[PDB]
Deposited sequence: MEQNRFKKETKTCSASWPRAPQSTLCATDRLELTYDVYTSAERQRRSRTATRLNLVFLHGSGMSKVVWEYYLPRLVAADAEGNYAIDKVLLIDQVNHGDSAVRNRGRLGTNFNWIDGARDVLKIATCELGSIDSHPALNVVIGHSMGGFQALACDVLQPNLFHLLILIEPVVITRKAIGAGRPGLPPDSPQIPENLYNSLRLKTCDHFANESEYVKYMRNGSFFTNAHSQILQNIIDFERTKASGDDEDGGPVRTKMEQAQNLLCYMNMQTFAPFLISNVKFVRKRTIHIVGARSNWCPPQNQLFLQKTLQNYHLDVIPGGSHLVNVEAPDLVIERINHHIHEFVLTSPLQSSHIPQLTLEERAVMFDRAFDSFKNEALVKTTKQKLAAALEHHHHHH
């Protein structure tokens, strides 16, 4: 990858959090993320900033393949942030010993805002258009980010977002998972192995990633490896914990999607059965500014199995977005100049607001 400078940074996680997010109340979690910075730029040229949020049980690495193939300068990509949630990837490894049983996806959205807010907040970034792309869990979190902070992201891209789930066949918001789904998730989320041969053999034949793009599958295998026996960065308990708690935070988001006014792209795999039909029909009737793309042939993991197709769509919508987008100011003003501007701003506002 020769297009961006890569820097890996680490900071403290958002606080406070859900009860039992951590093993002890005095513990404090951390987040690790990768910042890709652009390496021409005119005065009046919009900076695009992209934030990619991985799905349940994966990591920031699944998006590495995307970096060389994202939208060509026509505007120009200035930053890309690839984030690992507290209990996935490198954040999982920092946080070893400290995670509890209660991983709340909205807490995770607060993490994303904390990083994004700081990384994209420099006077230097202006004028900026910010884009959030999320898969599965990450799709949910993209929406939650806007709800909690509706002035950061201009465009949302949801790839197989998980928001409304199937109710199992037998307090009203208690955590629940069906035994059948638990037992099979367990079979496909193993995390320790007698040796390297067995590790690679499982990843290629028993994991969730067996049909991933070989480049992405190879990226996963080398990223998760840790040390003879081999242990993955993703911990099995945490992986399973990503599916056992929806009832404790999904209603809050479900109730607030009607306030997400942003252009929202919903990319789905034609062959996905992962969420029920209610999930997609809900996002369709509730988001004011909605567009659906169906990737022919695609599964729920369409983002790692057919990335070329997904990239083409990301590039298409970023590109159409940037065009329709207003300008774009790109001002040494004295206190006296400012007081004059303000009085004038106030008067115009007064005339719009006054009801005679």
property	result
Segments lacking C-alpha coordinates (deposited sequence numbering, starting at 1)	1-2, 42-44, 80-83, 180-185, 243-250, 354-355, 382-398
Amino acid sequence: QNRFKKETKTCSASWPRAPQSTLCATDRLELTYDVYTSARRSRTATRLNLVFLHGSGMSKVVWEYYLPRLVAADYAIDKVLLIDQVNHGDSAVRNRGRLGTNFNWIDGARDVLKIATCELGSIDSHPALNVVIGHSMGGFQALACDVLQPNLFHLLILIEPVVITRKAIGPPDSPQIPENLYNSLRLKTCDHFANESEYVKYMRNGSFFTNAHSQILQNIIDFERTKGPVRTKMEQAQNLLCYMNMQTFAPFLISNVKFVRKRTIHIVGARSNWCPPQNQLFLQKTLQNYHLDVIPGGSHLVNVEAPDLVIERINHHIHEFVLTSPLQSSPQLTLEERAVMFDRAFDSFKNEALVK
From here on, numbers count along this sequence of modelled residues.
property	result
Of 232-240 and 137-145, the one with larger mean CA B-factor	232-240
Higher-scoring stretch by recorded Cα B factor average, 81-89 or 118-126	118-126
Residue of maximum C-alpha B factor among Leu187, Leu158, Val163, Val260, per deposited coordinates	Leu187
Highest recorded Cα temperature factor - choice among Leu31, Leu53, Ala39, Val61	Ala39
Within-chain third of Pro175 by Cα B-factor, per the entry	middle
Relative C-alpha B-factor of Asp191, binned into the chain's lowest, middle or highest third	highest
For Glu198, the third of its chain into which the C-alpha B factor falls	highest
Chain-relative CA temperature factor third for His266	lowest
Entry-reported Cα temperature factor of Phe223, expressed as the chain third it lands in	middle
